[PDB]
Undergrad: 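The structure's right below; bear with me while I get my questions together.
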There are 4 protein chains.
Amino acid sequence: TXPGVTXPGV
Amino acid sequence: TXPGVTXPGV
Amino acid sequence: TXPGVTXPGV
Amino acid sequence: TXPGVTXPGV
DNA sequence: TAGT
DNA sequence: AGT
DNA sequence: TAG
DNA sequence: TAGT
DNA sequence: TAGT
DNA sequence: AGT
DNA sequence: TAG
DNA sequence: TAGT
């Protein structure tokens, strides 16, 4: 996720 | 930092 | 730091 | 001393 | 007293 | 002086 | 009473 | 935010 | 450096 | 850590 | 070469 | 599978 907590997605 | 981006500190 | 130049940390 | 713990002296 |  |  |  |  |  |  |  |  995020970053942070990529995306999703990418 | 955070986490993220601990604290600081700890 | 150190001392000298505490820790880090403490 | 040092610095630290200048020189001495200077 | 000097002088990180 | 030495996130 | 930092050295 | 810390602790010679 | 410690510490999602 | 966060199909 | 995250912060 | 993915991409601070």
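Chain letters run A, B, ... following the sequence lines, proteins first, then strands; residues in each count from 1.
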Undergrad: Of the listed nucleotides (I:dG3, H:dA2, L:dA2), which one gets closest to any side-chain atom of B:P8?
TA: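 That would be I:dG3.
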Undergrad: From the options E:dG3, H:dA2, G:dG3, select the nucleotide whose nearest atom is closest to the side chain of D:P3.
TA: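 From the listed options, G:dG3 comes nearest.
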Undergrad: In whole Å, measure the gap between the P atoms of E:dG3 and H:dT4 for me.
TA: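 The answer is 24 Å between these two P atoms.
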Undergrad: Evaluate the stacking of H:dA2 against H:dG3, requiring that the six-membered ring centres lie under 5.5 Å apart and that the ring planes differ by under 30 degrees.
TA: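 So H:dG3 stacks onto its neighbour H:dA2: yes.
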